[PDB]
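Given as structure tokens, the chain that follows is alone and in the form deposited in one PDB entry.
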């Protein structure tokens, strides 16, 4: 109708249509760019960023312990006994801790001088936590003293010098902003799972988790490393072989350890990591591993006549069904996909991991006929049963 008609022509698209966000404004306006979502997944990312920085001190050899506490007030506190965040004035004229807390693309991980091998690389993590917290407190033990700083809705207060101490390290306590997050209710089992991974990947490290909100205490320390991680993955799954396969390899700027064992189950349990970061969606290290494994198993099965010349090749899916594996890459110059680091991008890590897996898995299969035969049996007998059922579909 005439009455319904409105003056609703679109606004002019000009220079003033283009807005520039300040750094921390960009985190608050577009948190998904940095943490994926403002749901449970993104809330936990705040813990990951702070714990990753403590783990980076451990990987450098300075930290031996990470203490994580979820306080009754919903704040998270992460303590390490590493070198401490510098508090001396930065060239920019603020305390160095204020630089990292308030500036994007600021940090000590843009070269290999401070951390040779680190999960950190963007200079963003702790600034995101500050941006998306109503409050952040830091206690740094350095240069013979305690140092205290706080951030009030991301804005620094005045650095305060405390008492004398010979200890060094960093404590970060943050209050996730309820105006950003749909929930601030951390999941203890989610946090325990990730801290357990970090301990399995760093067999010298101890991590302690305490939840004071009204199991509330775990200690994570696994001197048996990736082999014990696979034992843990297979604990509910019934191993179909007595051995855990474990090997490593080294190239210019990169190393890999792989542990793996097949079970009686129908799930793929392949966990991939770079510099302790959980690359949930995989990437070049997982692709190299998968390529090698499918090649070695098919070559072995055909050589040993376990696969008929007629029979189609075993697929990656056929082979990885019932596989538990951990792939841990150490890389001087990681390429991660985004701040959530879901994938390793390094093109050179694909051929490196593929090469080491090809060599080590070919050797293992050749040297272990009884176990190799059971694994090939599993992969075949499954594929064969799946096809016979599919052909009986009416």
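Positions refer to the first chain, counted from 1.
Gap size between residue 215 and residue 214, counted in deposited residues that the entry leaves unmodelled: In the record, 10 or more residues between residue 214 and residue 215 lack coordinates.
365-373 set against 43-51, stretch whose average Cα temperature factor tops the other in the entry: Averaging CA B-factors over each stretch, the winner is 365-373.
Per the entry, higher mean C-alpha B factor between 94-102 and 161-169: Looking at the recorded C-alpha B-factors, 161-169 comes out higher on average.
109, 302, 285, 135, ranked by C-alpha B-factor: the highest one: Result of the comparison over 109, 302, 285, 135: 302.
From 86, 204, 125, 119, residue of greatest CA B-factor: Answer, based on the entry's C-alpha B-factors: 204.
Residue 178, C-alpha B-factor rank within chain (lowest, middle or highest third): Tercile = highest for this residue's CA B-factor.
Residue 340, C-alpha B-factor rank within chain (lowest, middle or highest third): As the PDB entry reports it, the C-alpha B-factor of residue 340 lands in the lowest third of its chain.
Assigned third (lowest, middle, highest) for the C-alpha B factor of residue 269: According to the entry, residue 269 has a C-alpha B-factor in the chain's middle third.
Chain-wide C-alpha B factor ranking for residue 307, given as lowest, middle or highest third: Highest third of the chain for residue 307's C-alpha B-factor.
Ranked against its chain, the third holding the CA B-factor of residue 355: As the PDB entry reports it, the C-alpha B-factor of residue 355 lands in the highest third of its chain.
Only in words, not in the display: the form deposited in another entry, which the text now covers.
Selected hinge residue, from 236, 164, 223, 370, for two rigid parts turning between this form and the one not shown: Checking each of 236, 164, 223, 370, the hinge one is 223.
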